[PDB]
Each structure stands twice: as structure tokens, then as C-alpha cells.
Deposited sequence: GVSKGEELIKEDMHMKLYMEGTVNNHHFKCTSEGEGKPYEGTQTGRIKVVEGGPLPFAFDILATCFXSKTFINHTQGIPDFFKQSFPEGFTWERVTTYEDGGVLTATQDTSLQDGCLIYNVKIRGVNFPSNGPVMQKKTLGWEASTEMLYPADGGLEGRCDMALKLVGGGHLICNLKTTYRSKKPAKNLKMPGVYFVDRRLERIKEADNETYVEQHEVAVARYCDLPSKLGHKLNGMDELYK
């Protein structure tokens, strides 16, 4: 955590496939890890233009930049210098499935991300393959300790050209590369986010994204103590 400063930069490398279309991306950005804000500027550097909506890649581009306040133990910031990994399956209600695995490390004061994606069964006439999406609504992820790490569960709503939504479900496992001895685990908690597309160009082969993410425990009264 002393390694995670008030301002920090990131660099990312990504490779993957979605329905038999291969691609690679890179990004660089910066943010304020304790305020929960960050910006990523992303280039598709192989396989552009992608034949699918860039939106389905948005959550692959940063858990160190969540505002955990001084009250919630921060699994992610605590993991440095060793870092941590995440592994996710996102399931779309029209059948698309996107798996992703990620490594986060700290090198020369810069966060370094390496992400690998594999998506299949996106319907050819669906909004993702037809590029009829308009970004994500805000969301809430529930995180809970499981087997020495954290698991996350989140349902997200993708805005559609024409006004509807297409929903997906995210199941994520977060694992620290630091021994359990050295981690204070949080209880069950929540991260509220708003991830927004700020800019794009050349048929989505350049995209700028911003996220704000703030953690909380449930602050509702408890009748089991306590309790308002």
C-alpha cells in the first residue's frame, strides 16, 4: 500500500479472441487509487477494426483504483508489491460467454496489467456482433471472502440502440500473490461503479474509458445488532 501512491499510472497488454476473431489491445492511463477514479486510453493494435462492440471488453481494462475508504480492508492495495490476479466469466442473457484472466503487477512504480480474453457464442444477429450497444449502466458488485481470496458477483446492464438493455452476469475470483499471513480480509462488501466511454475514434480501435468505483459495507440497520 505504501507502494500505491495518491496518483498512479497503468500500462496494459491484452490478447484474445471473440467468436473466431483474434485481436490484441494495449492501454495506458492513470488515476487516483484512493479516490476510486481512473482513465484508460486503449488502442486495438491487432485485428482492428473489431467486428463486435468494444463494450464487451470494457471490464477487462483495474481493482487497485477502488476507494475503500479507511474503513474497508483493501485486498488489492494490500497485495503489493507482489500483486494479484483475477479470473472472470461474463455470461450474457442472449448466450454470449466471455472468459478472461488477468495479472496485475507493479514494475518501476507503474501498474502493469496482462489480460487474456476468450469469448464465444455471441449471437451473430445480436447487439454485440451487430455493434448496436451504447455503453453500460452503473453497477454494484458484491465481494466476499472465499478460499483465501475474494469472489465477486455483479449483474450489469448494457444499453442498446433503440432503448433496451442486454443483461450479463459476472462471476470473478480475485487471488492475491501475497501469502494469507500478510492480508487482513474484508467482510462481505459492495463496490458501486460507473464506467463511461469518454471518447472513441477510427471504428472503436481507439477508446478512452473512465471509471469511478467506491466500496461500502451495507450500512442498513441490523435487527441482529445493530440496528437503528
Original post:
How would you write out the unmodelled ranges of the deposited sequence, numbered from 1?
Top reply: 1 to 5, 67, 235 to 242
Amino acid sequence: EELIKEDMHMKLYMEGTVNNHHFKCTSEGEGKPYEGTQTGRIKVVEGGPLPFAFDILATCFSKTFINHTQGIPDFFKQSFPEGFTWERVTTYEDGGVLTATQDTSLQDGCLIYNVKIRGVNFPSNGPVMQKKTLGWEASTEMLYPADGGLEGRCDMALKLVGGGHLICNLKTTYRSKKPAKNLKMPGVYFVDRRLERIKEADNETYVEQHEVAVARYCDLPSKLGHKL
From here on, numbers count along this sequence of modelled residues.
Original post:
Mean C-alpha B-factor higher for 113 to 121, or for 76 to 84?
Top reply: 76 to 84
Subject >> Mean Cα B-factor comparison, 180 to 188 or 26 to 34, giving the higher one as deposited >> reply: 180 to 188
Original post:
With respect to the C-alpha temperature factors reported in the PDB entry, which of 95, 145, 126, 71 ranks highest?
Top reply: 71
**OP:** Would you mind checking where the Cα B-factor of residue 195 ranks among the modelled residues of its chain, as the lowest, middle or highest third?
**Re:** lowest
**OP:** Quick one: classify residue 205 as lowest, middle or highest third of the chain based on its Cα B-factor.
**Re:** highest
Subject >> Third of the chain, ranked by Cα B-factor, where residue 134 sits >> reply: middle
Subject >> Ranked against its chain, the third holding the CA B-factor of residue 161 >> reply: highest
Original post:
Lowest, middle or highest third of the chain for the C-alpha temperature factor of residue 103?
Top reply: middle
